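# Notes for the structure review
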Amino acid sequence: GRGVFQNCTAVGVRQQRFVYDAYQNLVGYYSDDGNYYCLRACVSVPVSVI
Amino acid sequence: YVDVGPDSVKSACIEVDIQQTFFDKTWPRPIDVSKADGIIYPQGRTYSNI
């Protein structure tokens, strides 16, 4: 998926790297095997024309 | 197949005495959802504060 990783908290047991927010998109914290990295949705820019 | 150790050479199995009344005891421990008794974490994914 498109994920932006930023420094975050220690939330989660860490037994499973995969995490869900009750929706198909995944928080994906603990992306690194030992390090904690939380991914974010791809940046999208609104475009309009007059 | 795997054999951990040699079969026992004892001539006869040890004598066993069975008494149901002595073993029987009255103790009550009902399951509590608030205490999360006997609850298994989902193996598929970790979950956040939500």
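Residues numbered from 1 in each chain as written, not as in the entry; some residues may be left out. Chains lettered and ligands numbered in written order. Part of a larger assembly, values for the part shown. Heavy atoms only, no water. Residues with missing side-chain atoms left out of burial classes, pairs and counts.

Its PDB header names cryo-EM as the technique used to obtain the model and reports a resolution of 3.99 Å.

Soluble globular proteins: nonpolar side chains tend toward being buried together. A:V19, A:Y29, A:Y30, A:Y36 and A:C38 form the largest nonpolar core, which has 5 residues in total. With sequence-adjacent residues up to four places away left out, A:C38 is seen in contact with A:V4, A:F5, A:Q6, A:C8, A:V27, A:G28 and A:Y29. (Core = buried A, V, L, I, M, F, W, Y, C linked by side-chain atoms within 4.5 Å. Buried < 20%, exposed > 50% of the residue type's maximum accessible area, 1.4 Å probe, protein only. Contact = heavy atoms within 4.5 Å.)

Many structure descriptions define interface size as the accessible area lost when the parts assemble. The interface of chain B with chain A comprises 9 residues on the first partner and 12 residues on the second. In terms of residue class, the side of chain B that touches chain A is built from 4 nonpolar, 4 polar and 1 charged. Examined bridge by bridge, strand β1 (residues 19–20) of chain A and strand β1 (residues 46–47) of chain B share 2 bridges and lie parallel to one another. By the bridge assignment for β1(B), A:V19 is matched with B:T46. (Nonpolar A, V, L, I, M, F, W, Y, C, P; charged D, E, K, R; others polar. Pairing = 2+ DSSP bridges. Helix = DSSP H or I, 4+ residues; strand = E, 2+ residues; numbered from the N terminus.)

Attention shifts here to a nonpolar patch on the surface. Residues and elements named next belong to chain A. On the surface, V43, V45 and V47 cluster together into a nonpolar patch covering about 370 Å² of accessible area. Here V45 shows up in the segment after β1. The exposure class of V45 is exposed, given its relative accessible area of 66%. (Patch = residues over 30% accessible without salt bridge, like charges linked within 9 Å, V, L, I, M, F, W, Y side chains within 5 Å. Areas by Shrake-Rupley, 256 points an atom, 1.4 Å probe, with all protein chains shown as cover. Salt bridge = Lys/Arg side-chain N within 4 Å of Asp/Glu carboxyl O.)

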